[PDB]
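Asks: Experimental structure and sequence below.
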Amino acid sequence: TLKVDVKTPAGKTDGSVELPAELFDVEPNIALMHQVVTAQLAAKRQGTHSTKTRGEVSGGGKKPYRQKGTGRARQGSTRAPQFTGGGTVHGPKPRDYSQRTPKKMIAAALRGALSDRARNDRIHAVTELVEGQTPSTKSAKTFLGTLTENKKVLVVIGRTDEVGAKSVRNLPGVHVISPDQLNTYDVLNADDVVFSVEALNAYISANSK
Amino acid sequence: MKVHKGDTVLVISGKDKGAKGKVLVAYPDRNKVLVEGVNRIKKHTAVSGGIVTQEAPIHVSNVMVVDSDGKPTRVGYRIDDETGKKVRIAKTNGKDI
RNA sequence: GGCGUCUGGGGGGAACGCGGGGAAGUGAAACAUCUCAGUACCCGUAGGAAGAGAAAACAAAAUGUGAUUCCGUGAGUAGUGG
RNA sequence: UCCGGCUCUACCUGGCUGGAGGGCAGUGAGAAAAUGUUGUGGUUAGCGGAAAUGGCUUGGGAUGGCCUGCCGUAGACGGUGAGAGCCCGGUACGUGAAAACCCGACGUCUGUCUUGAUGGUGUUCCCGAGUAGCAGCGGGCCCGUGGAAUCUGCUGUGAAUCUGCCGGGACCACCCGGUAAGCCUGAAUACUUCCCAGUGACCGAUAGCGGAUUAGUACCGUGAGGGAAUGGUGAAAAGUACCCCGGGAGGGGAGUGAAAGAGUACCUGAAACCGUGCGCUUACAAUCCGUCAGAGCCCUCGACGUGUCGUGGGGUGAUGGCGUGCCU
């Protein structure tokens, strides 16, 4: 159990959270994380790429000249693969790259990725990013700089939290993600994880039950 | 294009940076203006011949309209609800340009 | 049948629908049954979708389901086949 | 609810229909044609939109490097003389409809129930006809006629109306399900000629559409039809004024340009192919055109004198030895 010190924009510590040993203390498995993060990237890649084969090129339906007597090579169309302008013989076709990864494999990847952050003291929890009902990224930038000095950070913010989300959007390295949509690739890509107190409890309660 | 014919502009970037001039023509299609006394070319004119010196157009992104005070200024707009007009306003001092 | 008068049709369109007609190269290491295939093509027709639809249905002794259509399974199984 | 006239006629009893309160629905499959009012509801034009002329250095040019500020609900993407959140178009975020069209909503309007419903008893009539069923020849169902059910086409034959009829894979009996030969029905579903906004571990001029350029154009064919090739000067045209040779083309001075090894035959400019200059070699010689030795000449790098060696490098090679292309 890791005790995460909760902070506030005013700089006053509020309380503490207890990260479960199940979720935040798994031994990282590099071979398992690599398979998972490759699976998400493959699902990101859209297979919109195609070329017209010898059959789908416009024309070339007639034997251009006789079989015998001409003195040139035997040719069966004006669009065969060897021609200029002919079809593409083994070309790319539009295909989907998403692959089916078992639920237990995917979940265990996230636990390993999160457990790694907890060990090195990168997981932070914050009650709220800014003063309510008024977005202001100058305040959010000052807060985030106080917490972590690293270039990249990931902010887990509840879906209904809009002043926080719309405040830290514009920042260069900051990525914001809903606690339900937490995934391996995003977690590993971050130097830190800046949870929201309502989000951190929601994530913990979702799995621990 | 926020810069009209007859305005006084300040050159921002180019070999003539810092020079002041008055706009002669505008080419809103290609976002270029011709400004008095900047970007002088040496043209070989054959008629009788001459080597003349005119002004080639400046891309409007490279000029800034001088404020009535005398400072370069981005132009903003105020909506006059009386006549529905849209008057160009200097950003620096808020006065009409 | 002839008049006079009112309203309609006629032609076009890339794909999708529905109802008809319907091959051969090909596989069978030949070939006629069979496959290719009710595919290609042709015909008549609409619509923004069409077709189907309110049990003369499944079911198997369970006091079960309860119009049609469309996905996933059942299943490349029960079967069928010079 | 009330009233009236009919139930041959008038009179007291049971029904039919019209006209006035009350509900109930409506552009629908359940009937149809309209008519107004409204809705910051939508579509078809747009408008606003924060922050550096910052200093120093390289430069033709700063958007490059270093150092300071500033905005950020805006650090999406393009452009501007080279990598721009603060120069421009914009983005985040807001605002905008006279008129037309589309969605709703409230009413005029339309139709229907109230002359009507609720629950009980024992019999006759009705419940879709040349249909169902059967037979002959076919189609199609996992099922190629097989023991061949259900569905269906053509030719004959041709029934019942509820203890009726049809299905429960020939058929028969029992049980079970259903009530054919009448008709409408939205949602779940397929598509993209076209229009709007986007995306790409897609192509980048022999690729991608056949078509970045006269494109189904040129051209071929009587006709159906077949069907190409051609993108890049520069930041700006500032596209070379003027003089000289020349009929011109073309060129040489001089100029623009950062560059003319950017001059409208224009970015970069390879190979085949074609020359010009220089060094070595070759006109007594049998040569898959090389290879291993190798005299001479020429160039180069060192140390030592005039030129002479060296853990040297290059180019040519007189002469000797060996030697029968590559792929199928």
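Replies: Everything's here; your move. Numbers count the residues shown, from 1 in each chain, chains lettered A, B, ... in the order given.

Asks: going forward, measure contacts and count neighbours with C-alpha atoms only.
Replies: Noted.

Asks: doesn't residue B:37 make contact with residue B:17?
Replies: No. If you go by CA atoms under 8 Å, residue B:17 and residue B:37 don't touch, sitting 12.0 Å apart.

Asks: Mind checking what helix or strand follows the helix of greatest length in chain A in sequence?
Replies: For chain A, the longest helix by residue count, based on DSSP state H, is helix A:103-119. Per DSSP states H and E, the first helix or strand lying C-terminal to helix A:103-119 is strand A:123-126.

Asks: which helices and strands does that following strand pack with?
Replies: Here strand A:123-126 touches strand A:2-7, strand A:193-196, helix A:197-208, going by 3 or more CA pairs under 8 Å, 6 or more residues apart in numbering or on different chains; DSSP states H and E.

Asks: Those: which one's closest to residue B:64?
Replies: With CA to CA as the measure, strand A:193-196 is the member of the helices and strands packed on strand A:123-126 nearest residue B:64 (43.7 Å).

Asks: Pull the residues that contact that closest one.
Replies: Strand A:193-196 is contacted from outside by A:117, A:122-128, A:153-158, A:187, using CA atoms under 8 Å, 6 or more residues apart in numbering or on different chains.

Asks: and that strand, which strands flank it?
Replies: strand A:123-126 (parallel), strand A:153-156 (parallel) (DSSP bridges).

Asks: Which helix or which strand is home to the residue lying farthest from the centre of chain A?
Replies: No residue in chain A sits farther from the centre than residue A:69, which is 63.2 Å out by CA atoms, centre = their mean. Counting by DSSP H and E, no helix or strand carries residue A:69.

Asks: Stretch A:184-203: which residues count as buried?
Replies: If you call a residue buried by 16 or more other CA atoms under 10 Å in any protein chain shown, then stretch A:184-203 has these buried ones: A:184-188, A:190-200, A:203.

Asks: Keeping just the C-alphas, turn that stretch into PDB.
Replies: Provided in PDB are the C-alpha atoms of stretch A:184-203 (Å, rounded to 0.1, in the frame of the first residue of the first chain):
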ATOM      1  CA  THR A 184      -1.200   1.200 -21.400                       C
ATOM      2  CA  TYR A 185       0.300   3.300 -24.200                       C
ATOM      3  CA  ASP A 186      -0.700   6.600 -22.600                       C
ATOM      4  CA  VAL A 187       0.500   5.600 -19.200                       C
ATOM      5  CA  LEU A 188       4.000   4.600 -20.400                       C
ATOM      6  CA  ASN A 189       4.300   7.700 -22.600                       C
ATOM      7  CA  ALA A 190       4.100  10.000 -19.500                       C
ATOM      8  CA  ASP A 191       6.800  11.000 -17.000                       C
ATOM      9  CA  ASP A 192       4.200  11.400 -14.300                       C
ATOM     10  CA  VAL A 193       0.500  10.700 -13.600                       C
ATOM     11  CA  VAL A 194      -1.500  13.500 -12.100                       C
ATOM     12  CA  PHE A 195      -4.700  11.800 -10.900                       C
ATOM     13  CA  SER A 196      -7.800  13.600  -9.800                       C
ATOM     14  CA  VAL A 197      -9.000  12.600  -6.300                       C
ATOM     15  CA  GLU A 198     -12.500  11.800  -7.700                       C
ATOM     16  CA  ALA A 199     -10.900  10.000 -10.600                       C
ATOM     17  CA  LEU A 200      -8.400   8.100  -8.500                       C
ATOM     18  CA  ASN A 201     -11.100   6.800  -6.300                       C
ATOM     19  CA  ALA A 202     -13.200   5.900  -9.300                       C
ATOM     20  CA  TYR A 203     -10.400   3.900 -10.900                       C
END
